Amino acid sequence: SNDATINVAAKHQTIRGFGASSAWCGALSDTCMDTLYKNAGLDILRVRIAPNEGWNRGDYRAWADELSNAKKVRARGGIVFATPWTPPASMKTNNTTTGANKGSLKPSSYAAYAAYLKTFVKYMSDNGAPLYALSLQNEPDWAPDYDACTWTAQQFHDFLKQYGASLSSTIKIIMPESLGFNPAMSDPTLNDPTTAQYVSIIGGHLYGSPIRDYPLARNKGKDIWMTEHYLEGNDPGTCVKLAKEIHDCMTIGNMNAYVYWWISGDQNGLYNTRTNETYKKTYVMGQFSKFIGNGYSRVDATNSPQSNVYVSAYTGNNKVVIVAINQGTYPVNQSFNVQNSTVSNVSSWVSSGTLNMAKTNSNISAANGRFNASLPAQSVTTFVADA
């Protein structure tokens, strides 16, 4: 009864990875970076481009902490993308780095902003931490009193038709990083082939709006990345909520990558640099990232085989990986049936209120692709098998 059926023959999106941001986290330590990027297996880092007035006279001091973070992640096998929260104040209609009075990028500074971003990309490259991609703006639809800069959907179109060729010849471009992943923010760019061609990755955040598929983006060949979100708490209930959010991004959103908010900026991050302690949300992320390898594809799996259980699955390099979330307050047994592959050597790891990415030592045997297992209360289990 109510099997989780996994069909390795039905493939979905390619998984780029999972990560977090170093924005406003200073220069993170080797221990923090080892914890996250080696042990938990995160492999994407989002750095901030701090507003830098000296950019065009060779003064990069404002950027050196992120350089350091970038190098540490690259040394640990990760890729790095950059997000600017604002152009320098000299380019803003409000004459400040904040979002005061819905400040925006002066159209008379469009060429300079393009040059600015290219200067950051070349800085990072010249110092041995080349970027994988670059975003045009954080949350163009939010105007708070910290680094911010408004853009309308038409402004992104305006900008890209002029400067997208130059920018994309330099680096993969992410846009638009909407507050709530509003497709209207990017639709004008995607629907005009002149502008769509300059975009590689469609990025968005999950504040306020449910997770959704984005068919236009996928059908234009774009990656879809969830580039910022956080949750408050590290109790088991919050941890399984995070797990279900990642699962929903993978499954409903068809997203190629999931990127948590900041590593250490406050108590809602992944690592506490004041006590040198790992927040338990870290291990939720690890149940995906440590086990899902390079170039893996998501495949069909019964999304919810019984109440409060959620399942997704991935294949690559002759492995099958199954992530099974139990949001219930008690353990439950769950059967799995892998189709169109011959599976062996099943091993599992659990993160829960007690366990941190702990190998279970369970003695799982598979016959004709079927095995079963007990899922602890408020837990995430990852099965890895030969396939």
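The numbering used is simple: start at 1 and walk along the sequence shown.
State which stretch shows the higher mean Cα B factor in the entry: 181-189 or 165-173. In the deposited entry, the stretch with the higher C-alpha B-factor mean is 165-173.
Could you check the entry and say whether 94-102 or 131-139 has the higher mean CA B-factor? Stretch with the greater average CA B-factor: 94-102.
For the listed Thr275, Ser312, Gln155, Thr150, which has the peak Cα B-factor recorded in the PDB entry? Answer, based on the entry's C-alpha B-factors: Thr275.
Between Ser200, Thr238, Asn219, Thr83, which one tops the list for Cα B-factor in this entry? In this record, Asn219 carries the highest C-alpha B-factor of the candidates.
CA B-factor ranking of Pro376, expressed as a third of its chain: For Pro376, whose C-alpha B-factor we compare with every modelled residue in the chain, the answer is the middle third.
Considering only modelled residues of the same chain, in which third does the CA B-factor of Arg76 rank: lowest, middle or highest? According to the entry, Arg76 has a C-alpha B-factor in the chain's middle third.
Record-listed C-alpha B factor of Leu160: chain third: As the PDB entry reports it, the C-alpha B-factor of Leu160 lands in the lowest third of its chain.
If you rank every modelled residue in this chain by C-alpha B factor, which third holds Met124: lowest, middle or highest? For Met124, the deposited C-alpha B-factor lands in the highest third.
Quick check for you: using the entry's CA B-factors within this chain, is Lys280 in the lowest, middle or highest third? As the PDB entry reports it, the C-alpha B-factor of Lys280 lands in the middle third of its chain.
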